[PDB]
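The sequence lines fix the lettering, A, B, ..., with proteins before strands; numbering per chain opens at 1.
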Amino acid sequence: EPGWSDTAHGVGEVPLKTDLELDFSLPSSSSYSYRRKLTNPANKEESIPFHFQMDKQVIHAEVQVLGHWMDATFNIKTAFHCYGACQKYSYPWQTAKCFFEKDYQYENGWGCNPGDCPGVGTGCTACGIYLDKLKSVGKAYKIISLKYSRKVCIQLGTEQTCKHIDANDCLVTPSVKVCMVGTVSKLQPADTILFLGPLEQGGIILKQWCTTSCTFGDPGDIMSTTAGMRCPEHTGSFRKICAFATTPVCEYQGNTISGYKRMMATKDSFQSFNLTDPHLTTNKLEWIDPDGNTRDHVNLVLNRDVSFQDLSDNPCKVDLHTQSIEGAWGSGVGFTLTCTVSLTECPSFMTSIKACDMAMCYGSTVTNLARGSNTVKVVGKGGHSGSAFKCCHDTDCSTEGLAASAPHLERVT
Amino acid sequence: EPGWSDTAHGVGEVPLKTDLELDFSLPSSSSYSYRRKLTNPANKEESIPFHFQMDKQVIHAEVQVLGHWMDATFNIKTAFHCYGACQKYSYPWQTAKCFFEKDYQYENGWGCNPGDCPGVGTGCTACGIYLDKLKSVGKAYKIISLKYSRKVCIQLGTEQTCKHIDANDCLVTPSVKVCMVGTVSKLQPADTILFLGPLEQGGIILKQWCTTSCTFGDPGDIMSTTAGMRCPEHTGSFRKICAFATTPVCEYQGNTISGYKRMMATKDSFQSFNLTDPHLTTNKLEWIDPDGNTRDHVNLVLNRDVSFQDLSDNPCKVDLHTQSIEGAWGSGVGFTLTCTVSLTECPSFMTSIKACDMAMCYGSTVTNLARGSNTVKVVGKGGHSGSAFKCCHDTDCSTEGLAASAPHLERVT
Amino acid sequence: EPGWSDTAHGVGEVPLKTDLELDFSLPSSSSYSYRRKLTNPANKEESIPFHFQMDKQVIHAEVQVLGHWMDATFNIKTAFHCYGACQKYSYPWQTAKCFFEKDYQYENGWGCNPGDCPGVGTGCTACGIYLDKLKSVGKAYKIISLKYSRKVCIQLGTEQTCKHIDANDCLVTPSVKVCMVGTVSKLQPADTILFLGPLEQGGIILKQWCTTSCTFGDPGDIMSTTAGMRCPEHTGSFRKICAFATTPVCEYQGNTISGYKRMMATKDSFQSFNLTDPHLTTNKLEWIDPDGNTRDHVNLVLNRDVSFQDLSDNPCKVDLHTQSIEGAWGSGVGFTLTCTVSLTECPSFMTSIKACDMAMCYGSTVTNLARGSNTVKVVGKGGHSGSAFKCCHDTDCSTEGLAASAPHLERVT
Ligand SMILES: *[C@@H]1O[C@H](CO)[C@@H](O[C@@H]2O[C@H](CO)[C@@H](O[C@@H]3O[C@H](CO)[C@@H](O)[C@H](O[C@H]4O[C@H](CO)[C@@H](O)[C@H](O)[C@@H]4O)[C@@H]3O)[C@H](O)[C@H]2NC(C)=O)[C@H](O)[C@H]1NC(C)=O
Ligand SMILES: *[C@@H]1O[C@H](CO)[C@@H](O[C@@H]2O[C@H](CO)[C@@H](O[C@@H]3O[C@H](CO)[C@@H](O)[C@H](O[C@H]4O[C@H](CO)[C@@H](O)[C@H](O)[C@@H]4O)[C@@H]3O)[C@H](O)[C@H]2NC(C)=O)[C@H](O)[C@H]1NC(C)=O
Ligand SMILES: *[C@@H]1O[C@H](CO)[C@@H](O[C@@H]2O[C@H](CO)[C@@H](O[C@@H]3O[C@H](CO)[C@@H](O)[C@H](O[C@H]4O[C@H](CO)[C@@H](O)[C@H](O)[C@@H]4O)[C@@H]3O)[C@H](O)[C@H]2NC(C)=O)[C@H](O)[C@H]1NC(C)=O
């Protein structure tokens, strides 16, 4: 009754026929090497070479590049005009990177009038707040997805096998099973990481980082991006100060201190993380976490008996073509690839269809294929503008790929 | 010296007497089936049938139903009355779902007076902001608790055993141990999940969702619930515009754009999750995560020797009665069930007492029972209004159950 | 080719030579005890005593003490002076714990003047909001780091070994390997935990707790610390009410309800956690989580064959001296200890260097030492003012330690 499947990564074994078991925890930032001449195959005249290599864990993050976080100074200036409307004149703050203007139009009923202006209900008094002394204070990225893997190389006799194993996965070679359990994520999807210096000097994790309502003083309030400045809103209140024969003066009741200055005063409240040999290219960040306390559990079984049974073996063949796509690249909501998967050589097949481009894969769907044609939907997260996403099974991908839409990542107002 | 205990789920075994070990990782959205005729019991004339079935992982979430998130339009209108107080008249905005009013009372010292109203320090000018064009944009739930389990069925010969195994737990039958490790939680307790459409189309995870201070423009600002509308506060400032002989006009300095419009502009900043075959009934949401990359580690040991020792075996008997309860159902703080647990047939017993109703269990306490009467406190989370929570050990529950209080889930102001 | 290393905690074994394997899941709040007389060493006349003890899991949190969260009442009062400036007089609100003042100076152009004050553009009207009826409502701590461990004691014959094992780590004695996998963290670094009563009655987890912009009504708005009060900002707007011959009155458009009152109205929206036997000393909180559903996977292997191979064995010797330090204690960003590590008796050595004081260790670096002198940097989190941080390998620490700087944990404005 059990139909064919390749979703289980592992073995059926008989322990009394196991030549060698390794079971151990290993730091993420540690590699591990083991070499031994095995005194079997009960042949004595000839021994069996055995190499096991496990590289340090590499972390891969698909990220949204957010630009440069800016520090700035708050300023306010007043501009009075005796007649006309507030549009009929330009203002000095309009030369600033970020500015917000409130206009008191057609209201100088003596109470608010300079000596030279004998008008009532005319003219305009313009109030403008602007930011200057802008300086870049760090680079920020929002995490779309996180991947954890270790390269593993196995040599049994004169046959070598190397593969990148994802965390909580197993590798199965003809006589060796290697499994990893326990890698846990300190970073989380949608975290914002901030680098006050080069990546090599470590980052800060910020759970509060403004997204939908960026107000001056919020974390991430002033961002300088490739597409120009992103300026914060000012939520305070304006008030026109007036006296006899004196020109009106603007007064603002609101926050004056920038988000960066607010964070540095309590800098030690936030979690840092350190990066060994980070690699940043476009929207991909890879690195090795140097924290020695983060450990995963490693199990190796060397078993050369005929009862050593790879649980994924099957005669099924899968042919793939990419039908359609919807959604966005570089998005935490993601894209959905619609695939046409043809099965031959089996009545049914339970397997995993992935969405991949030239660089890597971004998501995976477990599906139960029937002989002939099937439609499978795969959700991917990550990728970039030039990405042509393909349907893949193992290393076999469809001939043609499909580009996703640009993500909606913009402020309102 | 070791007293009896049933808290350890697992075995003591001798590996050289193990007939069969399976060790493998499996996607959460994958099932697994294995059938084999075992060529033992060294009897040859007769073989041993063996079935192993593992269902896809099911996720169970106890949720707080938050109602419908609403999109709306911001509006402001002015109402002047020449004499009397602002209470002495009704206003058009009072017909709206959400409205906020600020009244300028007894202040028209000429500066603020229409031509027809020759009064000073009398009358009132009422300012009112209201929301209209309300449309439902999705359904939101806050997660109280998360459970992960897989149904497992074992057939050895002509004897079958099926049980739901929780993640990071083991099942022990007479000759089979099955264990699961490594399932990790993407959703977290107190997350808010938002469904812009039917559950089958997936949800959005929102770390920022207003709870204690809902302001217009916040995520979750305007909620339409069974108990009526929940309206956001407006934190901006009002100002009475005045000119000669013209009637006063209200002006507001504050946010105008709704929370929903703010999110959609940056929709791709947030994490989505997808649901296969979701089931929603009252405050319970169950589903299968279709993400193929989420794997758990599965270990099966088939061992028929007399040294195969179930570590939970014991002669102890436990009788239960539900004494008292405090706390709330449907709450992330929870309720505390106070139980009276009588032990017989053992001098002491280390065991787990659970809080359960008709549907499921909601929490568990490990306790060291002494022969005779004991008091045990169990913290549960979840449940609903009709829940009668009982003290249980294994499948044995107390005769009577106790209802918890309603949760405090309300805005102030 | 493989150089020496002690980073792998575990064994190489032959399963057919294993006398006994235990494999089981165990609640965190449960201990486990196993005693058996092993009928080997195939000697029959003499048996082998075997004890295995596993204590309940203990949670250790390095915390930032935040003081007492305060509830308060909002108040506003007005003070008019006919002449002079607003500084020329004191005010009743200046006697309050928290107060904020806005001064309307030199503006009484008749419109705002009491009958007795015949001045224009002179005097001042001072507006002051203050908080009273302050009452402590709980104690709050921000989590810097979390550690999970179980004490384990092994007796084989007449030889005993006890050690605290960290989660996801293994202990290796001459013939026993014990490993733990699967402990997962419910609390997270940078979480804020709030205790409305004694620690024994449980805490509340709050993802939103004000850090960089504390506004009246935010969670954690009013904190009473050892260094005095920490007062919230008020972001609303002021307005001077005026009429004929009457003295001006202040009006505020802003939040009036405190953060504590706002939380209690929706108290059941937040996650609680319970503590068995908590220990608080300065900035260290230790406890046992009584939730019976949290389980870890335990594996014990008893194997007395000569092929039982501890993977960390090595002849290398390491000598340590503490060179320099930068960073802060009690910080989530942490400190960096710079160590001088001398290797002898090996050409190279892959090992872990830790940062420790008298109490415990706070971080760890995996490094590849060359024969002779090396510089290693270790990142630690936690500690306190008197901490002298040392470079350590295993139980061997440097003679002298170095104190870190105080953390920057202050509000601006
Ligand atoms: C692990 O990550 C943490 C967090 O990123 C990281 O902490 C950072 O360490 C750097 C390195 O020392 C700190 O940057 C220094 O800050 C001091 C004062 O704050 C400055 O004086 C330094 O600049 C001077 O020195 C330079 C040295 O050549 C000169 O080139 C320069 O012109 C200046 O004269 C220097 O910038 C930084 O402050 C912390 N970050 C925080 C948030 O505190 C830690 O070092 C990382 N550890 C490891 C082992 O990687
Ligand atoms: C996994 O989860 C994600 C997140 O939920 C999910 O993304 C959603 O996909 C749906 C399905 O296509 C999207 O809804 C569509 O949106 C487009 C434009 O945004 C509309 O044109 C669509 O409505 C039209 O088409 C319908 C088809 O019959 C008609 O009935 C209708 O009348 C309209 O004419 C449709 O609503 C949705 O936008 C996204 N969500 C987000 C946040 O982007 C994804 O599809 C899920 N994947 C799988 C495999 O389940
Ligand atoms: C697990 O953690 C949760 C969260 O901390 C915890 O819930 C708390 O339980 C306590 C204990 O009952 C509650 O405190 C009580 O609250 C009621 C009304 O809210 C008060 O009447 C109580 O005070 C009276 O009774 C005392 C008993 O002697 C008297 O000494 C006192 O003078 C008063 O007359 C009492 O304070 C608390 O409300 C909850 N917390 C929340 C947030 O709801 C739960 O009990 C913990 N469970 C276990 C098993 O530890």
Side-chain angles (χ1 to χ4, degrees), chain B residues 1-3 5 7-16 64 102 106-107 109 111 120-121 142 166 168-170 177 179 181-182 184-185 189-190 207-208 211-213 235-238 253 299 301 311 328 330-334 350 352-354 363-366 379 407-413, chain C residues 15-27 29-36 111 181-182 184 186 202 204-205 207-208 217-219 235-237 239 241-244 246 253-257 259 261-272 274 290-293 295-298:
Chain B
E1 193 189 287
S5 178
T7 63
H9 299 171
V11 298
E13 85 200 31
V14 175
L16 78 85
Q64 291 169 346
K102 154 57 54 193
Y106 295 154
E107 34 180 312
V120 50
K142 188 185 243 298
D166 300 325
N168 304 268
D169 205 355
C170 301
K177 184 223 64 173
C179 301
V181 181
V184 75
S185 199
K207 300 293 188 187
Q208 266 65 21
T211 42
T212 59
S213 305
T235 56
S237 63
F238 280 96
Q253 287 183 80
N299 185 272
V301 157
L311 299 185
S331 151
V333 174
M350 196 173 190
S352 309
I353 305 309
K354 308 191 296 282
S364 178
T365 291
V366 169
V379 175
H408 288 277
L409 304 173
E410 286 280 331
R411 298 170 179 184
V412 86
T413 69
Chain C
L16 78 85
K17 297 272 150 65
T18 290
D19 295 290
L20 170 73
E21 189 175 307
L22 306 165
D23 193 78
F24 62 93
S25 66
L26 190 66
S29 36
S30 172
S31 60
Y32 180 73
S33 185
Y34 181 100
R35 298 189 180 188
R36 190 178 189 180
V181 181
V184 75
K186 288 185 266 174
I204 310 294
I205 302 167
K207 300 293 188 187
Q208 266 65 21
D218 284 353
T235 56
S237 63
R239 160 175 171 260
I241 305 178
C242 297
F244 164 43
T246 61
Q253 287 183 80
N255 176 46
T256 286
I257 300 203
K261 296 195 188 64
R262 282 179 174 272
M263 161 171 311
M264 291 292 92
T266 189
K267 172 182 60 172
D268 288 304
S269 288
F270 308 104
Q271 289 294 314
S272 62
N274 292 92
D291 179 18
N293 294 332
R295 286 179 173 265
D296 51 8
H297 192 80
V298 180

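At a threshold of 4.5 Å between non-hydrogen side-chain atoms, the residues C:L22 and B:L311 count as touching. In this structure, the side chains of C:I241 and B:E107 come closer than 4.5 Å at one or more pairs of heavy atoms. Put simply, the side chain of B:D169 does not reach to within 4.5 Å of the side chain of C:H297, judged on heavy atoms. When side chains are defined from C-beta on, C:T235 does not count as touching B:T235, because their heavy atoms never get closer than 4.5 Å. Taking 4.5 Å as the limit, every side-chain heavy atom of C:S25 sits out of range of all side-chain heavy atoms of B:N168. C:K267 has its side chain out of reach of B:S331: every pair of non-hydrogen atoms, C-beta onward, lies at least 4.5 Å apart. Under the 4.5 Å side-chain criterion, counting only non-hydrogen atoms from C-beta, C:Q271 is not in contact with B:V333. Looking only at side-chain heavy atoms (C-beta outward), B:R411 and C:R262 stay at 4.5 Å or farther from each other.
Neither the backbone nor the side chain of B:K354 comes within less than 4.5 Å of any heavy atom in chain C. For a residue to count as touching a neighbouring chain, one of its non-hydrogen atoms must lie under 4.5 Å from one of that chain's; by this rule C:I205 does not touch chain B. C:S237 touches chain B through its side chain: at least one heavy atom from C-beta onward sits under 4.5 Å away, while N, CA, C and O do not. For chain C, the nearby parts of B:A8 are the backbone and the side chain; heavy atoms of each come within less than 4.5 Å. With a 4.5 Å cut-off on non-hydrogen atoms, B:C170 touches chain C through its backbone and its side chain both. Only the side chain of C:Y32 comes within contact range of chain B, judged by heavy atoms closer than 4.5 Å. The contact between C:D291 and chain B is made by backbone and side chain atoms together, counting heavy-atom distances below 4.5 Å.
Taking chain B as the reference chain and counting heavy-atom pairs below 4.5 Å, the highest number among C:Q208, C:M263, C:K207 is found for C:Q208. For the options B:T212, B:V14, B:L16, heavy-atom pairs under 4.5 Å to chain C are most numerous at B:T212. For the set C:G202, C:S30, C:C242, the entry with the most heavy-atom pairs within less than 4.5 Å of chain B is C:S30. Of the residues considered (B:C179, B:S185, B:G121), B:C179 shows the highest number of contacts with chain C, using heavy-atom pairs under 4.5 Å. Options B:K177, B:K102, B:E13, B:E1 differ in how many heavy-atom pairs under 4.5 Å they form with chain C, and the most are formed by B:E13. The candidate with the highest count of non-hydrogen atom pairs below 4.5 Å against chain B, out of C:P290, C:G182, C:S269, is C:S269. Listed options B:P189, B:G334, B:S352, B:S5 were ranked by heavy-atom pairs under 4.5 angstrom with chain C; first place goes to B:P189. Interface check for chain C: of the options B:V181, B:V412, B:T7, the most heavy-atom pairs under 4.5 Å are formed by B:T7.
A salt bridge is defined here as a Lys NZ or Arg NE, NH1 or NH2 lying under 4.0 Å from an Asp or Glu carboxylate O, and B:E410 with C:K261 fails to meet this definition.
From B:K142, atom NZ reaches atom OG1 of C:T266 across 8.5 Å, with rounding to the nearest 0.5 Å. Atom CD1 of C:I257 and atom OG of B:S213 lie 9.5 Å apart (nearest 0.5 Å).
The main-chain N or O of B:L409 is never found under 3.5 Å from a side-chain atom of C:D268 such that the two would form a donor-acceptor pair.
Considering all non-hydrogen atoms of both residues, C:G292 and B:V366 come closest at CA-CG2, 4.2 Å.
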